[PDB]
Structure formats: structure tokens, C-alpha cells
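Contents: one structure, followed by commentary.
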Amino acid sequence: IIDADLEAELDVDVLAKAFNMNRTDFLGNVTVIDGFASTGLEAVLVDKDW
Amino acid sequence: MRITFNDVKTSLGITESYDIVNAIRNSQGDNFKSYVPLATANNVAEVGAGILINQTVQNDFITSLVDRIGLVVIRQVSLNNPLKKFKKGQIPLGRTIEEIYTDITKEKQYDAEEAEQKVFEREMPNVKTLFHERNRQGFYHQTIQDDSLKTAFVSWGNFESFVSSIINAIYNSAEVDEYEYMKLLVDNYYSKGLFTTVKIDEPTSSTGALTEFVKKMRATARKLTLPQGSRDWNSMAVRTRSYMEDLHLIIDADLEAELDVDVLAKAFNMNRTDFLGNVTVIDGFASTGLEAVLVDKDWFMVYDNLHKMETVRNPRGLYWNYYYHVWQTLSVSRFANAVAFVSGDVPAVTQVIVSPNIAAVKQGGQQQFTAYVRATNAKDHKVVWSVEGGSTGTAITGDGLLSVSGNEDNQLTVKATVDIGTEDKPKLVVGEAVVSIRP
């Protein structure tokens, strides 16, 4: 779970993510939200049974 | 009537750079040595570029006979307007199209004790309406002289092919005009400034500008694709959603080629539709600052009302006149997502939208208005409310609550105003709503 702005920022500046676009074997199922509410939160990586 | 031509050469219009025949003949190791073994190169080079005006050529064996035309080819090149996929069905009867949108409501907490005395309470649904009407009428006129044209062909198949080519030319002209009108739609929308403006630097200034533009487009496309929706990308300030397969990006060919090469992120996903949507390439825009526009498939609200062809004949002139009539309505939908990326200087605030743009209140009721400011910068702005009704006892608070006095008969207008200029040289942005009074 990541923010749209950060996801688009890292989809271009770094290439390793820009290679493995629209798949799951690299960073899991990437779902995009419109930001969090916590001050320091940037990304959250959880499990389906969470 | 004999229309003959004399003193015509095989080089009527030729801005020649060098004599290829001379270069081939005078070559002792140059790059033209590959054409030296060719037996007949002068003859090929003499008429290898086509002949604009032909002349009769005698036979090589018997000079009295004349060589004849063996093959006749008629070009069937057909052209289309790329935005045709955004069209809709036909409207044989009527003129006006009504678009109705229903917005979402709010949640209330379960309360059995409170639910005793308010079982029959009312919650007015939120609905918005937009209207479109027919605005384009035109026709195309052509003439065909069958009897006068019958002497230019020796085959009925060729005759029919030529007349079909004329009809196809009419259709091609119609398609070109339709494409131009569809471009005019976007240009007029941006001129009226109902887009959501995203400020960017000049892409051609430096490499970093191009990658910044690409990542900004990626972010905008993602937040448009978000399933839960947002109210920040349409002129009606309604909660709406768009699909990645329904998103289309309209960009200039030169800029598209520049960013297909300069930034390596766009090198991939060039034809996958999952990066920026269906990329449509046009021959540039008309506005000064417009670089790219990303709109939803439902943004276009174009229909056609008439598409017909009629013919008349002139007995004295022996020809047919063909009239192709096209009547269409071209309009856009304000409920659909639309973003425009502008490289030039843009104002701090683009527009102000009032959530109820039309109201009908009683003589003792109250109304609540919500103001949405489309600001191109991070800093926020303050909205001031005013009314221009006229009667005393009618007033609007600073939060957007309008109260109406018990004695007035006149239409009211409510203005939400934002100041974006500096001191003693102010620039103001105003959003207006209309209110009717019911006695």
C-alpha cells in the first residue's frame, strides 16, 4: 500500500521498478491509495490475512 | 475542343542538386561505381521520377505506330479522424440532450432511541443536470459530368472506380472537417478555462523537465484511476471515477517523440496503455500553453443528427450535382475527469465552483453552499461570500449559509470570491449561483 505521488515518483527516477511494471513477483500486489494520515508513514507492506 | 500542349520537357519543375547521369558516367572509384555495370541507367534515370505531362511515344520497331496506355490505376487512399471512437449514437428527433448525475450521501450512526421521533424525516438527494444542443450544420457540393468524362476512359470499371473515388474524396473531406471541429472543442474548453490546470516547466528546456512532466502525468493518471474517486478533476465537483482503459491522452507528435526517447521510463510501456492510457497523437494544439490534455472517454458528448446525400441533374449541362449534408451536435461533459498540463505562466487560482449552482428556497428557509477552489499552487486561498438580492433581511454568513427574509420577490445571485492579486492591483475570481424564491 503506497501513495500515488510517491509511486509515480519512484516509477521513473529508479529503473528497477520501471522494469517490473504491472506484475507481482517484484514487490507484491501494488495497491495505490490517496495518501495516509500519519506524519511519518510512507509505505505499508502487509499480508492478505492481515 | 482540342486542348493540346507544346514545348514540354521531362523536367518541367525540377530543382536539381546534381546530374546523376553525369556522376555515373564520370566515375573511377566513387560511390556510383555500383551503377556502372547497369546496361540501361540513363533511360531509367530520365523518367524514373514520373512524367507530369505526357506525350505520344512512337514504337521502337515500327515508328509509324504509337505506344498505348496499358494500365490505369486510381488511388483509393482513405483517411479517417482518430477521435471517431469518441462519437455516440444518432438523434433522429429532438435537439436537446439532458445529462443527469446523482451524487453520494453521508453516513449516520445507528441510534435506536434517537430513531423514535424522526422515522419520517427527509434527506434530499443530490442531483446535477447538464444540457447540450445541436450546433453544427454543413454540406459538401461536387459535380460530375458523365458524358464529358466518358471519353477519358475505355472501361466501365474504370469509370465506376473514378466516380467512387470522387465520392470517397467527399467522405474524406467530411472526416477532416469533423476532426477539426473535435479539436476546436478542446481548444474552446481550455479557452473558457474549465480544465484542471497542472503547471509544468517547459519540457524542451532541459532533460529534467521532460522526466518531471512524465512523472507528473503518471501521478495524475494514477489518481484519476483510483477506484474510490475524487472531486478534484471535474468542473462539477462531484465524486466520479475513471478507468485506465477509458483514459486517453492527447499529445503533440514532436513532444511525444521527444519523451519517447529522452526518458527511459517511457521507453517501456510505449504500447501497453497501462502507463498513461491510450495515447492519441494530434498535429498540435492552438493555445499557447497547452502541452498535453488527458480526458476520460465519456468527456466527449458528440452526437450526429443528420447524415444524408442528395443528387440533382442538369439536363442542359449533362451533369450531376451531389450534396452531402452533415448535421451534428458537439459538446463536452463537465462530469468527466479532464486535466490539462500547461507550461506557461498560469494564475494561482483557475476557477471557483459552488456545489449547488441552482437553488429554489422559500421565504423563511436557509441554504448551504460549498466552494471549491481550483488552485494551481500548494498554498490555499480564502473565499468571501456575498449576495446580490437587494431586499433587507437576506444575508449570507462567512461559512456559506444563506438566510432569506420573509418579504421579497426577486431572483438572488450568490457570489464566492477569491483574491489572487497583490495590494492595490487586485485580481479576483468569482463563482456564481442562482436562487429562486417560493412564497
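Chains: A, B, ... in order of the C-alpha cells. Residues: from 1 per chain. Ligands: from 1, in order shown.
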
Next item on the list: Could you list the residues in chain A lying within 10 Å of chain B, using only C-alpha atoms, and format the result as a ChimeraX atom specification?
Entry: /A:3-15,17-19,21-22,31-34

Notebook entry, point to check: Can you list, as a list in words, every protein, DNA or RNA residue that comes within 10 Å of residue 388 in chain B when you count only C-alpha atoms, leaving out same-chain residues fewer than 3 positions away?
Noted result: residues 391, 394, 395, 411, 412, 413, 414 and 415 of chain B

Emit the selected residues as a CSV table (one decimal), in the first residue's frame, including C-alpha atoms.
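Printed below is result_10.csv as written:
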chain,number,residue,atom,x,y,z
B,391,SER,CA,-34.0,43.1,-0.1
B,394,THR,CA,-31.3,38.4,3.4
B,395,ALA,CA,-27.7,37.6,4.2
B,411,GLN,CA,-34.1,36.3,-8.1
B,412,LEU,CA,-31.0,36.1,-5.9
B,413,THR,CA,-27.4,35.6,-7.0
B,414,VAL,CA,-24.7,34.3,-4.7
B,415,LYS,CA,-21.0,35.0,-5.4

Check: Pick the closest to residue 48 in chain A from A:23, A:28, A:35, A:16: which is it, counting only C-alpha atoms?
Finding: A:28

Checklist line | From B:326, B:420, B:3, B:402, residue lying nearest residue 383 in chain B [only C-alpha atoms] | finding: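 Between B:326, B:420, B:3, B:402, the residue approaching residue 383 in chain B most closely is B:420.
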
Notebook entry, point to check: Which of chain A counts as strand (DSSP E) under DSSP, as a list in words please?
Noted result: residues 2, 3, 32 and 33 of chain A

For N, CA, C and O atoms, I'd like the residues from the last selection saved as a PDB file, in the first residue's frame.
ATOM      1  N   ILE A   2       0.792   2.039  -1.056  1.00  0.00           N
ATOM      2  CA  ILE A   2       1.648   3.204  -1.240  1.00  0.00           C
ATOM      3  C   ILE A   2       0.814   4.356  -1.786  1.00  0.00           C
ATOM      4  O   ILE A   2      -0.282   4.166  -2.315  1.00  0.00           O
ATOM      5  N   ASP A   3       1.348   5.566  -1.637  1.00  0.00           N
ATOM      6  CA  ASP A   3       0.695   6.759  -2.153  1.00  0.00           C
ATOM      7  C   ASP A   3       0.958   6.914  -3.646  1.00  0.00           C
ATOM      8  O   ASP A   3       1.998   6.493  -4.164  1.00  0.00           O
ATOM      9  N   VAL A  32      -2.687   1.268  -4.717  1.00  0.00           N
ATOM     10  CA  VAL A  32      -2.366   2.683  -4.590  1.00  0.00           C
ATOM     11  C   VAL A  32      -3.525   3.390  -3.902  1.00  0.00           C
ATOM     12  O   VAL A  32      -4.683   3.243  -4.311  1.00  0.00           O
ATOM     13  N   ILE A  33      -3.211   4.153  -2.856  1.00  0.00           N
ATOM     14  CA  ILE A  33      -4.195   4.935  -2.123  1.00  0.00           C
ATOM     15  C   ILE A  33      -3.819   6.408  -2.234  1.00  0.00           C
ATOM     16  O   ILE A  33      -2.746   6.767  -2.720  1.00  0.00           O
TER      17      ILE A  33
END

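Considering the residues B:403, B:80, B:311, B:22 and counting only C-alpha atoms, residue 179 in chain B has its shortest atom-to-atom contact with B:80.
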
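You can rank B:397, B:126, B:43, B:351 by their closest distance to residue 375 in chain B using only C-alpha atoms, and at the top of that list sits B:351.
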
Check: Interatomic distance between CA of residue 241 in chain B and CA of residue 209 in chain B?
Finding: 29.1 Å

Which residues are near residue 310 in chain B? Cut-off 8 Å, only C-alpha atoms, ignore same chain within fewer than 5 positions. Put them as a PDB file with N, CA, C and O atoms, in the first residue's frame.
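Ended up saving to out-v8.pdb:
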ATOM      1  N   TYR B 322     -23.939  16.614 -56.490  1.00  0.00           N
ATOM      2  CA  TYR B 322     -24.067  15.839 -55.263  1.00  0.00           C
ATOM      3  C   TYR B 322     -23.906  16.768 -54.069  1.00  0.00           C
ATOM      4  O   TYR B 322     -22.918  17.510 -53.985  1.00  0.00           O
ATOM      5  N   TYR B 323     -24.874  16.721 -53.154  1.00  0.00           N
ATOM      6  CA  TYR B 323     -24.848  17.478 -51.910  1.00  0.00           C
ATOM      7  C   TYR B 323     -24.863  16.497 -50.747  1.00  0.00           C
ATOM      8  O   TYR B 323     -25.807  15.712 -50.607  1.00  0.00           O
ATOM      9  N   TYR B 324     -23.831  16.552 -49.914  1.00  0.00           N
ATOM     10  CA  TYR B 324     -23.714  15.703 -48.732  1.00  0.00           C
ATOM     11  C   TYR B 324     -23.919  16.581 -47.504  1.00  0.00           C
ATOM     12  O   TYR B 324     -23.084  17.439 -47.208  1.00  0.00           O
TER      13      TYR B 324
END

Note to self: If you run DSSP on the backbone here, which positions in chain A get alpha helix (DSSP H)? Please write them as a PyMOL selection string.
What the structure shows: chain A and resi 4-10+15-19

Next item on the list: With a distance cut-off of 12 Å and only C-alpha atoms, select the neighbouring residues of range 61-78 of chain B, excluding the residue or stretch itself and same-chain residues fewer than 4 positions from it, and output the selection as a list in words.
Entry: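 Once the nearby chain positions are removed, what remains is residues 54, 55, 56, 57, 152, 153, 154, 155, 157, 158, 159, 160, 161, 162, 163, 164, 165, 166, 167, 168, 169, 170, 171, 172, 173, 174, 175 and 176 of chain B.
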